[PDB]
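Working notes, structure below.
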Ligand SMILES: NC(=O)c1ccc[n+]([C@@H]2O[C@H](COP(=O)([O-])OP(=O)(O)OC[C@H]3O[C@@H](n4cnc5c(N)ncnc54)[C@H](OP(=O)(O)O)[C@@H]3O)[C@@H](O)[C@H]2O)c1
Ligand SMILES: NC(=O)c1ccc[n+]([C@@H]2O[C@H](COP(=O)([O-])OP(=O)(O)OC[C@H]3O[C@@H](n4cnc5c(N)ncnc54)[C@H](OP(=O)(O)O)[C@@H]3O)[C@@H](O)[C@H]2O)c1
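Protein chains in written order, with our numbering: chain A, 1 to 248; chain B, 1001 to 1248.
Below, the structure written as structure tokens:
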């Protein structure tokens, strides 16, 4: 009876807040981790929402598993209203000439191929019912040049390419496909790097015109807006959630 | 007491639906017309919301009147949470070589100067309280070249310039300033232009990848999202509401 959303992730950072936002809006939420040990955290991370959450172990770089997991979800729930491609990694070295090819391949595998696999199998099902929403997560580095994050940015550019291409291809099938482009977001990972003193909050906050960091809630709200049933006419679009970064 | 929004318009087309959207979300709404006689329509257009609506006669091309009306609103309500620059005109002729300078100046006056005047005086007030949101209405023609709508397109490009410029300028002052870029929207005006027979619906909807026209609700929903209290980190952005038009 509830709309059903799959988030690649859900246990930390942006993904957890995305899960919470859909839960607060009466969705059934499928969340994932590579680690089966995370399933037991559910009643404690999402106190009152436990009954509306389903766990799946999933590595998005494993195409066969992506197909299996999405098939399982469709079989169990008989619907797949929304896919949120949250899973992503950033392996930041130094300048381009010092970067490791193994790092770039890992980012490609997770950020590009993982998003591609999830789209590919989600769309096979969404096509049949001529409805659904996909929201991909890019970055400001997906729309501009960012020193020391060139390779990550390249993958996030590629994500935008998958978003716009798929959008145009599936536009007449009533499926919406959009992306968000967050600026620097204060996740748990960043908060502890600030708390360990070796990273000044104001130092990184200053790259945004708004002179503050983004929150996981800022991102979750944008994703929810693009995904919900009241989105009838927005597709192929990249929503910047960046404190004004891309406008200068 | 209630959040207060000013819309330049409110009696027809996109502007009416924007009023309705803010009303449904518990705002007090100031709506305007150049024509004082429209005020008596309010109990009939907005049956159950009449108590939460205030009428102001306003021509946005008259800078003195813009300053007067915004001052009167702030004096009476003691707040101005949101400004929506809805007022705009399209005077289409033929190719660029056949266009009338008088038509261009009219569009410049309403679409560029009107938006600028309202921003200018709204920001003098919002600056004082370090909060507020402005949503401007541009167009897909503000982000692409559109034969036979070159002059209108030029004014809507200019709107984006005002949007991005002010966003960066006021970002550190807590004020959000964004725009929407709608595709072709089925308003009352368009509905009857299809009814006359000069246009087929399928004919003009075919320019959008989604193969349908946008609605006034589509636009109102996008505007509300950018304007509401839960937008903390989106500024300087142009939200496309165009059935995928700009993604091709
Ligand atoms: N943080 C930022 O400032 C920022 C800015 C712009 C964009 N983004 C993007 O936003 C998304 C979320 O970032 P975040 O900072 O919230 O990340 P995070 O806190 O590091 O969490 C990463 C999430 O992705 C999952 N994941 C990673 N690799 C996976 C794989 N191979 N298969 C399945 N799941 C995998 C993790 O699941 P398990 O570890 O439980 O398996 C976890 O849920 C990413 O795409 C990121 O690039 C982040
Ligand atoms: N319709 C579309 O497909 C479309 C697409 C992209 C963008 N837009 C833009 O969206 C906005 C609304 O369009 P719409 O189609 O809803 O327009 P509409 O139905 O023609 O309504 C025009 C509105 O603008 C007001 N207005 C016009 N000139 C004014 C002036 N000099 N001073 C104050 N108010 C003035 C009118 O008020 P009174 O007549 O009551 O004085 C009315 O409320 C415009 O900026 C338009 O360019 C529309």
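For every residue, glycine included, the Cβ atom is placed at its ideal position computed from N, Cα and C.
Could you confirm whether any beta carbon from chain A is found closer than 8 Å to the beta carbon of residue 1133(B)?
Stepping through the second chain from its first residue, residue 1133(B) is reached at position 133. Residue-level contact by beta carbon fails for residue 1133(B) and chain A, as no gap is shorter than 8 Å.
Which residue from 1205(B), 1167(B), 1145(B) puts its Cα closest to that of residue 172(A)?
Taking the first residue of the first chain as position 1, residue 172(A) is located at position 172. It is 1205(B) whose Cα lies nearest to the Cα of residue 172(A).
With DSSP run on the structure shown, which of helix, strand or coil describes residue 1033(B)?
Indexing the second chain from 1 puts residue 1033(B) at position 33. Of the three classes helix, strand and coil, the one that applies to residue 1033(B) here is strand, per DSSP.
Alpha-carbon to alpha-carbon, residue 98(A) and residue 146(A):
Residue mapping note: residue 146(A) aligns to position 146 of the first chain, counting from 1. Residue mapping note: residue 98(A) aligns to position 98 of the first chain, counting from 1. So the two alpha carbons sit approximately 15 Å from each other.
I need the DSSP call for residue 1117(B), collapsed to helix, strand or coil.
For the purposes of this step, residue 1117(B) is taken as the residue at position 117 of the second chain. DSSP places residue 1117(B) in helix when its eight states are reduced to three.
Kindly indicate which residue of 60(A), 8(A), 209(A), 20(A) has the alpha-carbon position closest to the one of residue 220(A).
In the first chain, counting from the first residue as 1, residue 220(A) sits at position 220. Of the residues 60(A), 8(A), 209(A), 20(A), the one whose Cα lies closest to the Cα of residue 220(A) is 20(A).
Identify the continuous alpha helix (DSSP H) that holds residue 168(A) and give its terminal residues.
Against the first chain, residue 168(A) aligns to sequence position 168. From DSSP, the alpha helix (DSSP H) with residue 168(A) extends over 150–170.
Within the 8 Å Cβ cut-off, does residue 1236(B) reach chain A?
Your numbering for residue 1236(B) matches position 236 in the second chain. In terms of beta-carbon proximity, residue 1236(B) lines the interface with chain A, with at least one pair separated by less than 8 Å.
Let me check you understand the geometry: is the CB of residue 1041(B) closer than 7 Å to at least one non-hydrogen atom of ligand 1?
Here residue 1041(B) refers to the residue found at position 41 when the second chain is read from its first residue. Taking 7 Å as the cut-off, the C-beta of residue 1041(B) does not count as close to any heavy atom of ligand 1.
I'd like the ranges of any beta strand (DSSP E) spanning at least 3 consecutive residues and lying wholly in the segment 1217–1243 of chain B.
Counting whole runs of 3 or more residues, the segment 1217–1243 of chain B contains the beta strand (DSSP E) stretches 1238–1241.
Proximal chain B residues relative to residue 6(A), where beta-carbon distance stays under 7 Å:
Looking up residue 6(A) in the first chain gives position 6. Neighbours of residue 6(A) in chain B, taken as residues whose beta carbon is under 7 Å from its own, are absent, since the nearest beta carbon is some 23 Å off.
So within the segment 1064–1119 of chain B, which uninterrupted beta strand (DSSP E) runs reach at least 3 residues, ignoring any that extend past its ends?
Taking only runs of at least 3 residues, the beta strand (DSSP E) segments lying wholly in the segment 1064–1119 of chain B are 1082–1085.
Would you say residue 23(A) and residue 49(A) are within 8 Å of each other, going by their C-beta atoms?
The residue labelled residue 23(A) in the question sits at position 23 within the first chain. The residue labelled residue 49(A) in the question sits at position 49 within the first chain. In this structure, residue 23(A) sits near residue 49(A), with a CB-CB distance shorter than 8 Å.
Determine, using beta carbons only, whether residue 138(A) comes closer than 8 Å to chain B.
Along the first chain, read from residue 1 onward, the residue named residue 138(A) stands at position 138. Chain B places no beta carbon closer than 8 Å to that of residue 138(A), leaving this residue out of the contacts.
With DSSP run on the structure shown, which of helix, strand or coil describes residue 1127(B)?
What you label residue 1127(B) is simply residue 127 of the second chain in a count that begins at 1. It is helical.
Residue 1245(B) - DSSP class collapsed to helix/strand/coil
Counting from one through the second chain, the residue named residue 1245(B) turns up at place 245. Residue state, collapsed to three classes: helix.
Going by alpha carbons, who is nearest to residue 36(A) out of 72(A), 71(A), 30(A), 56(A)?
Counting from one through the first chain, the residue named residue 36(A) turns up at place 36. Looking only at 72(A), 71(A), 30(A), 56(A), the smallest Cα-Cα distance to residue 36(A) is reached by 56(A).
Can you name the residues that DSSP bridges to residue 1055(B)?
Translated into the one-based positions of the second chain, residue 1055(B) becomes position 55. Secondary-structure assignment with DSSP links residue 1055(B) through a beta bridge to 1031(B).
So what does DSSP say about residue 180(A), is it helix, strand or coil?
The residue labelled residue 180(A) in the question sits at position 180 within the first chain. In this structure, DSSP gives residue 180(A) an extended state, which the three-state scheme calls strand.
Quick one: which chain A residues come within Cβ less than 8 Å of residue 1209(B)?
In the second chain, the residue the question calls residue 1209(B) occupies position 209. Simply 167, 168, 171, 172, 235, 236.
Quick check on the DSSP output: the alpha helix (DSSP H) that includes residue 1015(B) runs from which residue to which?
Here the question's residue 1015(B) lines up with position 15 in the second chain. Element bounds for residue 1015(B): 1013–1024.
Are any of the Cβ atoms in chain A nearer than 8 Å to that of residue 1205(B)?
Residue 1205(B) sits at position 205 when you count from the first residue of the second chain. It does not: the Cβ of residue 1205(B) has no partner Cβ on chain A nearer than 8 Å.
For ligand 1, is there a heavy atom less than 7 Å away from the beta-carbon of residue 246(A)?
By one-based count along the first chain, residue 246(A) stands at place 246. The answer is no for residue 246(A).
Does any residue of chain B have a CB that is nearer than 8 Å to the CB of residue 156(A)?
By one-based count along the first chain, residue 156(A) stands at place 156. False, the Cβ-Cβ gap to chain B never drops below 8 Å.
Buried or exposed for residue 102(A), please, with buried defined as at least 16 other CB atoms from any protein chain shown within 10 angstroms of its CB.
Numbered from its first residue, the first chain carries residue 102(A) at position 102. By the 10 Å Cβ count, residue 102(A) comes out exposed.
Can you tell me where the alpha helix (DSSP H) holding residue 207(A) begins and where it ends?
Position 207 of the first chain, counted from the start, is the residue given in the question as residue 207(A). Residue 207(A) -> no alpha helix (DSSP H), and no H or E assigned at all.
Cβ of residue 232(A) less than 8 Å from any chain B Cβ?
Taking the first residue of the first chain as 1, we reach residue 232(A) at position 232. Chain B, which has a Cβ nearer than 8 Å to the Cβ of residue 232(A), makes this yes.
Measuring only between beta-carbons, confirm whether residue 1247(B) sits less than 8 Å from chain A.
On the second chain, residue 1247(B) is found 247 positions in, with the first residue counted as 1. Yes, because at least one Cβ of chain A sits closer than 8 Å to the Cβ of residue 1247(B).
How about residue 1012(B): is its Cβ closer than 7 Å to a heavy atom in ligand 2?
Position 12 of the second chain, counting from 1, holds the residue named residue 1012(B). Yes, the beta carbon of residue 1012(B) sits closer than 7 Å to at least one heavy atom of ligand 2.
Cα-Cα separation, residue 125(A) to residue 80(A):
Sequence index remark: in the first chain, residue 125(A) carries index 125 (1-based). Sequence index remark: in the first chain, residue 80(A) carries index 80 (1-based). Each residue's alpha carbon lies about 8 Å from the other.
Just checking: is the beta-carbon of residue 1202(B) within a distance shorter than 8 Å of some beta-carbon in chain A?
As a position in the second chain, residue 1202(B) is number 202, starting the count at 1. No, its Cβ sits nowhere closer than 8 Å to a Cβ of chain A.
I need the DSSP call for residue 213(A), collapsed to helix, strand or coil.
Reading the first chain from its first residue, position 213 is the one you call residue 213(A). Coil at residue 213(A), not helix or strand.
Which residues in chain B sit within 8 Å of residue 218(A), going by Cβ to Cβ distance?
In the first chain, residue 218(A) corresponds to position 218, counting from 1. Residues of chain B passing the Cβ test: 1232, 1233, 1234.
With a threshold of 8 Å between beta carbons, is residue 1088(B) in contact with chain A?
Residue numbering aside, residue 1088(B) sits at position 88 when the second chain is read from its first letter. Interface flag for residue 1088(B) against chain A is unset, since no Cβ pair is found closer than 8 Å.
Use the C-beta contact count for residue 1029(B): other C-beta atoms within 10 angstroms, 16 or more gives buried, fewer gives exposed.
Position 29 of the second chain, counted from the first residue, corresponds to residue 1029(B). Buried, since its Cβ has 16 or more Cβ neighbours within 10 Å.
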